[PDB]
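Undergrad:
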Amino acid sequence: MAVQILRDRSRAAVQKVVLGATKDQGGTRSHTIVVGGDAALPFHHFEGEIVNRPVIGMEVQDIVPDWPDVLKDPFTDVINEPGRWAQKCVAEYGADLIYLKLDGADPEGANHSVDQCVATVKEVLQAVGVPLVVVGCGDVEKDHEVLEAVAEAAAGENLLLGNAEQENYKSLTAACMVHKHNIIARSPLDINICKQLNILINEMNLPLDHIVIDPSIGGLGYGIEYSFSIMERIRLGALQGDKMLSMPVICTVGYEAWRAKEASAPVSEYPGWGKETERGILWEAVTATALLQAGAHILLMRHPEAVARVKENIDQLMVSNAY
Amino acid sequence: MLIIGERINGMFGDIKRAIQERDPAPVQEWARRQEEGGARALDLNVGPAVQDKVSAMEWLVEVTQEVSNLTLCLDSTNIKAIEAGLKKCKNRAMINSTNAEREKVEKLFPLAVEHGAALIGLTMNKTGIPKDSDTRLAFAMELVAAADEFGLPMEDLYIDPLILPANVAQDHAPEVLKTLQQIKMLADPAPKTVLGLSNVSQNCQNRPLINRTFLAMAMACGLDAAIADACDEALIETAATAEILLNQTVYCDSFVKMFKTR
Amino acid sequence: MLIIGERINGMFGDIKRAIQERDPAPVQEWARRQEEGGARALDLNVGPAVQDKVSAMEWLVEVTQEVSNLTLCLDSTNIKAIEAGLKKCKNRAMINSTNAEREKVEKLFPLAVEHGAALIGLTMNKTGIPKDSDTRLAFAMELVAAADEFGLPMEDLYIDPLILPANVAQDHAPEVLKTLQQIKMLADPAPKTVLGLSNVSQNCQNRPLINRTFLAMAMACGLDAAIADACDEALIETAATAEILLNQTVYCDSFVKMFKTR
Amino acid sequence: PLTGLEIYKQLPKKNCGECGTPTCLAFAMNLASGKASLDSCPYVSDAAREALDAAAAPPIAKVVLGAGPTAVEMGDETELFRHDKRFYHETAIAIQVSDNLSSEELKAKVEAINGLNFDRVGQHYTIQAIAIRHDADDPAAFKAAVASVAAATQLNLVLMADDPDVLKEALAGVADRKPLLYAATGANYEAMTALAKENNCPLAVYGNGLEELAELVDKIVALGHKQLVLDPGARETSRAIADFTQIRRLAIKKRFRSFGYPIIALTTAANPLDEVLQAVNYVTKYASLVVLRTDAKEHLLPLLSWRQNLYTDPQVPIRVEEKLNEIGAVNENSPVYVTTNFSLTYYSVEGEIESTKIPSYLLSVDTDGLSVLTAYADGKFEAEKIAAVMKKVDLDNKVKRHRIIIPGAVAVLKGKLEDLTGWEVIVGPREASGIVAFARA
Amino acid sequence: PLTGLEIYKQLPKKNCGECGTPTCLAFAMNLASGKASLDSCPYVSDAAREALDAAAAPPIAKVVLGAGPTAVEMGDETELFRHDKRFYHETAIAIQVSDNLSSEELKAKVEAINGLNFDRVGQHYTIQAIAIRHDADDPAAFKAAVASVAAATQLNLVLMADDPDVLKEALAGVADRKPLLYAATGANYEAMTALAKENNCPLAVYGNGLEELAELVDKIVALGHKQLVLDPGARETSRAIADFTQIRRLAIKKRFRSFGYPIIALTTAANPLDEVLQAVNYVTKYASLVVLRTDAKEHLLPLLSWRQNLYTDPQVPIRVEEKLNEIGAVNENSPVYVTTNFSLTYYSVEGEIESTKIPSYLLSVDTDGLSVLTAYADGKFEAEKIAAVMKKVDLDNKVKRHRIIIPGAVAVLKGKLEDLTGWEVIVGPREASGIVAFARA
Ligand code: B12
Ligand code: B12
Ligand SMILES: CN1c2c(nc(N)[nH]c2=O)NC[C@@H]1CNc1ccc(C(=O)N[C@@H](CCC(=O)O)C(=O)O)cc1
Ligand SMILES: CN1c2c(nc(N)[nH]c2=O)NC[C@@H]1CNc1ccc(C(=O)N[C@@H](CCC(=O)O)C(=O)O)cc1
Ligand code: SF4
Ligand code: SF4
Ligand SMILES: [Ca+2]
Ligand SMILES: [Ca+2]
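Residue numbers (full-length UniProt numbering), protein chains in the order written: chain A, 1 to 323; chain B, 1 to 262; chain C, 1 to 262; chain D, 2 to 442; chain E, 2 to 442.
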C-alpha cells in the first residue's frame with residue numbers, strides 16, 4: 001500500500017548566467033543578479049534544486065514610448081527622463097533589472113546619435129545600481145553601430161545586449177566577447193532555429209553561460225500556447241543533457257501584452273470585458289504567470305502593479321514544496 | 001544512441017601485439033580516435049591469444065581510463081576477468097556479457113549491482129543462438145526478471161538478440177528486429193538494448209553500407225545502444241539522423257556535429 | 001520495396017513548362033532517368049500550376065507510356081482528372097490519394113476495383129493530418145474496412161501515414177513509424193504501405209542523409225512502398241540493403257546492382 | 002498493452018503448467034502477446050481482477066458534472082505536457098458564494114455570475130458551476146440558499162457542507178441535477194457516500210496531505226462509488242503544484258488507481274488579483290476544477306483566456322473567420338488587404354495595420370487555418386480562391402477604388418489574379434511589419 | 002490478437018456504444034490493441050465463442066494416437082515450408098492388413114510388420130500403427146481379426162469399417178489403447194461420433210472432395226468430438242497434393258476451423274514401387290498419417306529415411322554421432338584424421354577419404370555440430386578438448402602409430418596439441434579435396 005513520491009531525476013541542468021559586475025569585478029553596480037541553475041521542471045523543488053528565483057526587468061526607453069494612455073500614467077512624472085525613470089522602477093516599484101529599450105535609435109523616429117544612445121546607457125548606469133538589459137530598436141545598420149559603441153563604453157559593467165537573430169549574430173557576438181558582455185538569442189517561435197542559433201553564436205568561441213534565449217513569446221490569447229509549449233520543450237532538453245538549449249529563457253511580456261486591445265480598450269467600448277484598469281494589470285500578469293510555469297527566468301515587464309503581482313507570485317512559488 | 005568502440009579488440013592485430021608486450025601507445029591512440037568519432041563507450045577485449053585473461057583485462061582498463069573518461073565496456077566470457085576489471089574501473093562501466101544461464105546470472109547480476117555498473121544480457125543459453133523471435137524474447141524476460149530479482153535498475157540492462165552475418169544467416173536479421181520491437185512489452189520502464197552491429201556485415205560486400213543501414217532499422221525498433229565502428233564517419237551520420245527521426249533529440253542544422261561533440 | 005518516381009510533378013520548373021507548352025521531351029526523359037535508377041513506378045502529378053487537370057492528366061499518360069512500361073501512378077484530388085487518366089492506361093494503374101471520408105471513399109474505392117488497380121489511402125480527414133498513431137490507425141482501419149466492403153484485394157491497398165518535415169514536425173516521424181509498425185497487425189493479410197519519403201527532409205541540411213535513413217527505418221516497420229527521388233544512388237543502395245536485412249530478397253554479392261536492374 | 006513483468010510479479014510462481022504453459026514467467030509472456038486468456042489459471046483472485054481493470058482502462062476516470070447540455074466532462078486525461086498530444090477537457094470554473102448573505106445580496110451576486118460569458122477573437126468563454134458553501138450557524142439557511150440560486154441560474158451546481166444531514170436536506174430539491182458533493186472526509190465519508198449513491202452525483206474527496214487522500218479514496222471506492230474528485234487540501238500554491246502533479250503523474254505513469262481522478266482546487270489568495278494569478282497556476286497544473294471567489298469580469302477574462310489557449314489542439318492551428326474585417330472607421334475609400342484565416346497570420350496584419358492608424362479592410366480568405374506560404378504550397382491559396390473570395394463579399398461596392406494589396410510572399414499571384422478578378426493588384430512587403438512603409442507610398 | 006478486420010465483421014453493426022467505444026469499427030481497434038475486453042459487448046452472436054477459440058488456439062490441434070509410451074502425436078504444425086521453421090510431429094506410418102486372410106496368414110504378416118524397425122547411421126526408424134480393414138462377408142469375422150492383431154503387436158491400431166454396429170463388437174477389448182476409428186461418413190457420422198465419444202478415441206473424418214469434408218467436420222464438432230483427422234477422399238497423387246495443400250493452407254493462413262486438423266492419406270498405387278513413390282509425395286505434402294500396403298523391409302527404409310530427414314531442424318546444424326568412423330578397410334597402420342561433427346564437414350571429409358580409396362579413421366569430435374572453423378573461434382575445438390576426445394574415442398588401441406591429422410585451417414593448434422596429446426600432430430590441407438595429394442606424398 002502506502003504512497004511513493006515520484007521524483008524525476010534530471011540528467012543535466014540549465015546554465016547559470018551572471019548579470020552585472022561590481023567594484024571588485026570591474027563594474028559599478030551594487031549587486032550581481034544570477035539567473036538559472038534550475039535542476040528540474042519550473043518550481044519543482046521536490047525533485048531538484050531551484051537556487052535562483054526568476055527576476056523581473058522593467059522597460060525603460062531613451063525616449064517617451066508610444067504606449068497607450070493607461071500604461072503611461074504611472075510613469076508620467078519620470079517617463080520623459082530615463083535617468084529618473086529607471087531610478088523609480090527600482091526604489092518605488094521594486095524592479096530587479098532595468099530593461100533599456102532604445103527606440104530612439106530608430107532612424108525613422110527620434111534618430112538619436114550614436115553618442116546619444118551611449119549617453120543614455122551611461123546615464124542609467126549612474127541612476128541605478130542594478131544590472132542592465134540594453135537592446136536596440138530593430139534597425140540592422142543602426143544597432144550594429146549603437147550596440148557596438150555601447151558595449152565599448154559600458155565595458156566592465158557586464159550588461160545584457162539583446163536582439164541577436166539567426167541572420168544577424170556576427171556583429172553583436174563580436175562585441176560581447178571583447179567587452180566581456182552577455183547576449184540575447186532571439187528566435188521566431190522556432191526551437192530548431194533557437195538551438196541552431198545558439199550553436200552559431202558559440203562557434204565563435206562565446207561561452208554558453210553568456211547566452212540567453214528569447215523565444216519571442218506570443219501575447220496572451222494571441223498564440224501564447226505556441227511559446228508556452230516551446231519553452232517547456234527547451235526546459236526538458238536542458239535537463240536531458242541538451243547543452244544547446246541549456247540557456248535561460250528571457251520573455252518580453254511588456255511588448256506583447258500591451259499590443260493587444262484587450263489590455264487597454266476602454267470599458268465603454270467593450271462592456272463585456274470590464275474595466276480597463278484591472279484588465280491591463282492582469283493581462284500582463286497572467287501572460288507572465290503562465291510563462292513562469294514554462295521556465296521563464298527573466299521577465300521583461302512594463303506595468304508597475306503588474307510587476308508587483310508577479311513578484312508576489314514568484315515569492316509564493318519559491319516556497320519549497322519538497323516532501 | 002550509444003556508440004561503443006569495438007576497435008580495441010584482441011582479434012585485431014595492433015591491439016594483440018600491444019597486450020603481449022604491454023604497449024600502451026596503440027591502445028590509447030584508438031581510445032582517442034574513437035572518442036573523436038563520437039563514441040561514448042570503449043569495449044575492451046583481450047583476445048583469445050593471451051592465456052592470462054585476468055591480468056590482461058586489468059591492463060586494458062588502467063591504460064584506457066588514463067586518456068579517456070568514457071564508459072568502459074568489459075568484453076570477456078570469463079567472469080573472473082570481468083570482476084577483476086570492475087575493481088580497477090575509475091568510473092561507471094559495462095559488463096559484456098551474460099546469458100540466460102542461471103549459473104551465470106546468479107554470479108553476474110549481483111556483481112552489476114555491487115559495482116553499480118551496466119549489465120549486457122544475451123538472449124541465449126548453453127544450446128546456442130536461436131532464430132524465432134518468440135524464443136529470444138523468452139530468454140530476454142528471464143534477464144528482465146533477473147534484474148528485478150537482484151535489485152538492478154531496468155535502465156541498466158542491455159538486451160542483445162545477437163545478430164548474425166546477413167549472408168549465411170539472412171533469416172536472422174528480421175527476427176532480431178522483431179525481437180527488439182517486442183522487448184517493449186517486457187517491463188515498465190522497459191530495459192535498453194544493444195547490438196554488435198559489425199557482425200551483420202561479416203564477410204559481405206560493402207560492409208559500411210550494410211552496417212549503417214541495419215543501425216537505422218534497429219533504432220526504429222528501439223535500439224538504445226550499439227557496438228560498432230566509431231571511426232566510420234558515414235555511420236555516425238546515420239546514428240545522428242536516426243536519432244533525430246525518433247525525436248530523441250531536438251533537431252538543428254548542425255545535428256551531425258552535435259552528435260560528435262555531445 | 002517499390003520506389004515510385006517523384007520527379008514528374010507539376011511543382012518543378014521543367015515539368016511545369018512541359019505541361020503549358022505540351023512538350024513530351026522532359027516528361028519522357030525523366031521517365032527514363034528514374035527507371036535507370038531502379039524505379040518500377042512513376043508518379044504522375046499535373047501540379048497546381050496548370051489550370052485544367054483533365055486535359056493535362058490525360059496528356060501525361062500517353063507520353064509517359066510511350067517510352068516506358070512502368071506502373072503508372074496518378075496523383076490528384078480531382079476525381080474527374082483521376083478517372084480520365086485510367087482511360088488511357090494500358091498497363092497496371094495506381095491511384096492517389098484518398099481519405100477516410102465516405103464522400104471520397106465511394107467515389108474512389110469502386111473506381112479502383114473497376115480498372116483493377118492499386119489504391120493509395122490516407123490516414124486523415126478534412127481537419128488535417130493527425131498527430132498520434134492511434135488516430136492514424138483508426139483512419140487506416142476505416143480504409144481496410146472499406147476495402148473489404150467494395151471488394152478490393154488487401155495487397156492492392158496502400159496506406160499512407162503522410163510523413164511531414166523533420167524540422168517543424170519532428171514529433172510526427174516517430175508516430176509515423178509507430179503507425180506502420182501497427183498496420184501489419186490490424187489486418188491479416190496485411191495491407192501494403194507507402195510514404196512521401198522526400199517530404200521528411202523538407203528544408204533541412206543534408207536532405208539525402210535524412211531521406212535514405214528514414215526509408216530504412218520505415219521498411220523495418222513494414223514499409224512495402226515509397227515515393228522518392230529515384231535518381232539518388234545513395235537512396236537506391238539503402239532500399240536494396242534493407243530488403244536483404246528484411247530477408248525479402250535472397251542475398252548476393254551484387255545485391256545493390258540487382259535491385260537497380262530488377 | 003501490459004508489461005510482461007507487471008503480469009509476472011502477480012502470479013503464484015508455481016510453474017505447474019496447468020495453464021498450458023511450462024512456467025508462470027512464460028505464461029506472462031503469453032498474456033502480453035495474448036497467446037492465452039488470464040481466466041485459464043484457476044489460481045489467484047484479486048490479482049486477476051485488479052489487472053484487468055488497470056490494463057484496459059484510461060489512467061484518469063471520466064466523471065461528468067450532471068446531465069443535459071449544461072453538463073461538462075471532467076478528468077479523462079492522458080498527458081503531462083500539452084505538446085506530447087493534447088489536453089482534452091478544459092478546467093471547470095466555479096464561483097463561490099456564502100450562504101450567510103442576505104437574499105438581495107445573494108440574487109445580485111448570482112445574477113452577476115450568470116453574465117460571466119465573454120466574447121473575444123471569435124471565441125466564446127463560459128464558466129461551469131457555482132459553489133454554495135455553508136458558513137451560517139443555522140442549517141436551514143443552507144437549503145434556502147441553494148434553492149434560491151437554482152432558480153436564477155441554469156448552470157451547474159456544487160455544494161460545500163461538512164454535515165451530510167445539512168447537505169441532504171438541501172440536496173433533496175436539486176438532487177435530479179448536477180450538485181457536486183463537497184466534501185467526503187475521513188470522519189464523515191460513510192454518510193456522504195450514501196448520499197451520492199442514491200442521488201447518483203459526483204463526490205468530492207478531501208484529505209490533509211497526500212497520504213490521507215489515498216487512504217480515504219480506497220475506502221469510498223470499496224463502497225461502490227467511483228465518480229470522485231480529489232482534494233489534497235493544498236491551500237498554498239507552491240504546496241498545490243507539487244501535489245497536483247503527483248495525482249496526474251502517479252495515475253498515468255504508475256497507474257495509481259487512488260489518484261486516477263480529476264482534482265478540485267481551492268483559491269486561498271485574499272487579493273482578487275493574486276487569486277486569478279493563483280488560478281492560472283492551477284489550470285496549468287492539471288487542476289480540473291477550481292473554485293474562485295471574485296466574480297468581476299475584469300478578473301475572469303484573462304483567466305478564461307489562458308484556459309482556452311492551453312486546451313487547444315497543437316495540430317489544428319487557430320483560425321479567424323472568413324469575412325472582411327474592418328480596422329478603424331473605414332470611409333469606403335480605404336485600402337484592401339488580402340490574407341489567410343490562420344490566426345497567427347491575421348493578427349500579424351491587424352496589429353500592424355491598426356498600429357499605423359486610419360481605416361482599412363482586411364479579407365481573411367478561408368485556408369482552413371493554413372498560413373500564406375503554407376496555403377500557397379497546399380494550393381489552398383491561389384489567384385482563383387482569392388478572386389472568388391473577392392466576390393464572396395461583393396467587395397467592390399463598398400470601396401470606390403478597385404485596388405487590393407497582396408502579400409509580398411505570394412505577391413506572384415499578382416498577374417493571374419488581376420485578370421480573373423477584374424481588380425487591380427499591388428504586391429506589398431514580404432513581412433507585414435512593412436504595412437507602415439506601403440501606406441506612405 | 003487476431004486481425005482487427007476479422008473481429009469487425011464478426012462484430013455486428015449496431016454502433017450503439019454500449020461497449021464504451023463510439024462505433025464498432027473503433028471498438029475493433031481497441032480489441033486488436035488490447036484497450037478493452039470483448040465481454041462488454043452483448044450484441045454478439047455465437048461468433049464470440051468463435052473469437053475466443055480461433056484467436057487463442059493454434060491453427061492445427063494436436064490429437065494423440067494411442068496411450069502411454071506407445072502413443073504418437075499427430076498434427077500440431079504451423080508451417081507451409083520446412084525452411085522457415087521446422088516440422089514438429091513426423092508422419093504416422095501404418096501398414097494395412099485384411100481380415101479375410103486365415104489366422105496363420107494374418108499372424109505371419111503382422112509378425113513382419115513388427116520387424117519393420119530400421120537402424121541406420123546411428124539413428125533408429127520405426128513405424129507407428131497397423132491398419133485393420135474389413136473385407137469379409139460377415140461382421141463376426143472382424144472381432145476375431147482385431148483380437149488376433151491386438152494380442153500380437155504392442156504398436157498403435159486403426160480399424161476400418163463402415164457399419165458402427167460391426168465396429169463396436171470388435172472395439173470392446175481394444176478400446177483401451179484408443180485405436181483410430183476410420184471412417185466417419187455422411188450417412189453414419191451420428192453413430193460413429195457416439196461410439197467415439199464413449200471410448201474417447203480419435204475419429205477419422207471422410208468427405209468426397211473439399212466441400213463434403215468441410216461440412217461433415219462441423220457436424221461432428223457440434224456433437225462434441227473434436228479429436229478428428231481429415232481425409233479429402235483424394236485417391237490419385239495429383240488430387241491429394243492439391244487437396245492436402247488446401248487443408249494445410251486454409252487452416253494456417255485463413256484460420257479455417259473446419260480444416261484445422263491433421264490429414265490421413267491412402268496410397269492407392271497398385272505396384273509396390275509406385276506405392277512408395279506415391280507415399281513420398283504425401284509425407285512431403287503436409288500429411289500426418291499414411292496407410293501403406295507393403296510390408297517389405299526394402300520398401301520401408303527409403304521411405305522412413307526421407308521422413309526422418311524432412312522433419313529435422315535447419316537453424317540447428319546437423320550432428321554426426323560423435324565417435325570414430327572407419328573408412329574402407331582399416332589397418333592399424335592407416336592414418337587418423339580429426340575433424341568436426343558437423344554433417345557438412347565430416348561429410349566432405351568422408352567423400353575425400355573414400356573417394357581417394359585410402360583406408361583410415363575419422364575422429365569426429367562433438368563441436369555441437371559446428372564447422373571446424375566455427376569451433377575454432379568459439380572455443381569448442383581447442384587443443385585441450387581435442388586431446389580430450391583422443392583418449393575418449395579410444396582410437397589409441399586401434400593403431401600401431403601415434404600420429405593424428407588436423408585441418409589445414411587450424412594448423413596453429415598442432416604444437417600445443419602435440420605436447421598434450423602424446424602423439425605427433427601433422428597439419429594437413431585447408432581443404433579436404435587435397436587430402437589425397439597429402440596421403441601419397
Ligand atoms: C509550420 C509550417 C508548416 C505547417 C503548417 C502550419 C500552419 N499553421 O500553417 C505544416 C507542417 C502542416 C506544413 C505543411 C506544408 N508546408 Co509548410 N511550412 C511551415 C513554416 C515552418 C511556417 C508557416 C508559418 O507559420 N509562417 C508564419 C506566418 C505568420 O507567415 P506567413 O503566413 O507567410 O505570413 C507572413 C507574410 O507572408 C506576410 N503577410 C501575410 N499575409 C499578408 C497580407 C498582406 C497585405 C501583407 C502586406 C503581408 C502579409 O506577413 C506575415 C507575417 O509577417 C514554413 C517555413 C517558415 N518558417 O516560413 C514552411 C513552408 C511555408 N511550408 C511549405 C511547404 C512546401 C509545405 C508543404 C507543401 C510540405 C509538403 N511537401 O507537402 C505542406 C503543405 C501540404 C500539406 N499540408 O500536406 C513551404 C512553402 C514553399 C514551397 N512550397 O516551396 C515553406 C516555406 C517551407 C520551405 N520550403 O522553406 N508547413
Ligand atoms: C555456416 C557458417 C556459419 C554458421 C555455422 C553453421 C555450421 N554448422 O558451421 C553460423 C551462422 C553459426 C556462423 C557463425 C560464425 N562464423 Co561462420 N561460417 C559459416 C560458413 C558459411 C560455412 C560453414 C560450412 O558449412 N563449411 C563447410 C565445411 C565442410 O567446411 P569445414 O568445416 O571448414 O571443413 C572443410 C575443410 O577444412 C576440410 N577439412 C575438414 N576437416 C579436415 C581434416 C583434414 C585432415 C583435412 C586434410 C581437411 C579437413 O574439408 C572440409 C571441406 O572439404 C563459413 C564460410 C565458408 N563457406 O567457408 C563461415 C566462417 C567459417 N565463419 C566464420 C566466422 C568468423 C564466424 C563467427 C565467429 C562470426 C562472429 N563474428 O562471431 C561465428 C561463430 C560463433 C557464433 N556462432 O557467433 C569465418 C571463420 C574465419 C574468421 N574467424 O573470420 C568464416 C570462414 C567466414 C569468413 N570469414 O569468410 N558461421
Ligand atoms: C561479437 N561482437 C559482439 C560483442 N558484444 C555483443 N554484446 N555482441 C556482439 O555481437 N563484442 C564483440 C563483437 C563486437 N566487436 C567487433 C570487433 C571486430 C569486428 C570485426 O569485424 N573485425 C575484423 C578483423 C580485422 C583485423 O583482424 O585486423 C573482421 O574482419 O572480422 C566486429 C565486431
Ligand atoms: C507531397 N508528396 C506526396 C505524394 N503522395 C503522397 N501519398 N504523399 C506525399 O507526401 N505525392 C507528391 C509528393 C511527393 N513527391 C515530391 C515531389 C517534390 C519534392 C521536392 O522536394 N520538391 C522540391 C522543389 C523543387 C523546385 O521547386 O524546383 C522542394 O525543394 O520541395 C518532394 C516530394
Ligand atoms: S497454472 Fe498458474 S500457477 Fe501454474 S504455471 Fe500456469 S500461470 Fe503459473
Ligand atoms: S456495444 Fe457492440 S454493438 Fe454496441 S457499439 Fe459497441 S461493439 Fe458495436
Ligand atoms: Ca526502446
Ligand atoms: Ca506491411
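Every residue gets a Cβ at the ideal spot worked out from N, C-alpha and C, and that includes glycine.
Suppose the cutoff is 7 Å on Cβ atoms and the five residues either side in sequence are ignored; what does the same chain contact list for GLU323 of chain D look like?
TA: The residue given as residue 323 of chain D occupies position 322 in the fourth sequence. Result list for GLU323 of chain D: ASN342, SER365, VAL366 and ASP367, in chain order.
Undergrad: Less than 8 Å separating the Cβ of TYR287 of chain D from some heavy atom of ligand 1?
TA: The residue you call residue 287 of chain D lines up with position 286 of the fourth sequence. No, the beta carbon of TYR287 of chain D sits no closer than 8 Å to any heavy atom of ligand 1.
Undergrad: Please output, in chain order, the residues near ligand 8 using a CB cut-off of less than 5 Å to any non-hydrogen atom of the ligand.
TA: Taken from the N-terminal end onward, the list reads C:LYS184, C:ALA190 and C:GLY222.
Undergrad: Locate the beta strand (DSSP E) running through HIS144 of chain A, then write down its first and last residues.
TA: Within the first sequence, numbered from 1, the residue matching residue 144 of chain A stands at position 144. Where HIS144 of chain A is concerned, there is no enclosing beta strand (DSSP E), although the alpha helix (DSSP H) it sits in stretches over 140-153.
Undergrad: Classify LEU274 of chain E: buried if its beta carbon has 16 or more other beta carbons within 10 angstroms, exposed otherwise.
TA: Here residue 274 of chain E is taken as the residue at index 273 of the fifth sequence, counted from 1. Classification of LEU274 of chain E: exposed, given that the 10 Å Cβ count is below 16.
Undergrad: Report the option in E:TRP307, E:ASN16 and E:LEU302 whose CA atom is closest to the CA atom of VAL284 of chain E.
TA: Taking the fifth sequence and counting its residues from 1, the one referred to as residue 284 of chain E is at position 283. Closest by alpha carbon: E:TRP307.
Undergrad: Does the beta carbon of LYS15 of chain E fall short of 8 Å from some heavy atom of ligand 6?
TA: Translated into the one-based positions of the fifth sequence, residue 15 of chain E becomes position 14. It does: the Cβ of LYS15 of chain E is within 8 Å (strictly closer) of some heavy atom of ligand 6.
Undergrad: According to DSSP, is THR193 of chain B helix, strand or coil?
TA: On the second sequence, residue 193 of chain B is found 193 positions in, with the first residue counted as 1. In this structure, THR193 of chain B counts as strand in the three-state DSSP scheme.
Undergrad: Should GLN196 of chain A be flagged as near chain B, meaning a C-beta pair shorter than 9 Å?
TA: In the first sequence, the residue the question calls residue 196 of chain A occupies position 196. By this cut-off, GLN196 of chain A is an interface position.
Undergrad: How about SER41 of chain D: is its Cβ closer than 8 Å to a heavy atom in ligand 5?
TA: Translated into positions along the fourth sequence, residue 41 of chain D becomes position 40. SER41 of chain D: yes, Cβ under 8 Å from ligand 5.
Undergrad: Using a threshold of 8 Å, is the CB atom of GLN309 of chain E nearer than that to any non-hydrogen atom of ligand 1?
TA: Translated into the one-based positions of the fifth sequence, residue 309 of chain E becomes position 308. No.
Undergrad: Using the C-alpha atoms, what's the distance from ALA18 of chain B back to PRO24 of chain B?
TA: Your numbering for residue 24 of chain B matches position 24 in the second sequence. Your numbering for residue 18 of chain B matches position 18 in the second sequence. About 7 Å.
Undergrad: Whose Cβ in chain A lies nearer than 8 Å to the Cβ of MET258 of chain B?
TA: Locating residue 258 of chain B in the second sequence gives position 258, counting from the first residue. Here the neighbours are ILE199 and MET244.
Undergrad: Can you give me the start and stop residues for the beta strand (DSSP E) that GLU327 of chain E sits inside?
TA: Residue 327 of chain E sits at position 326 when you count from the first residue of the fifth sequence. Here the beta strand (DSSP E) through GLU327 of chain E covers 324-328.
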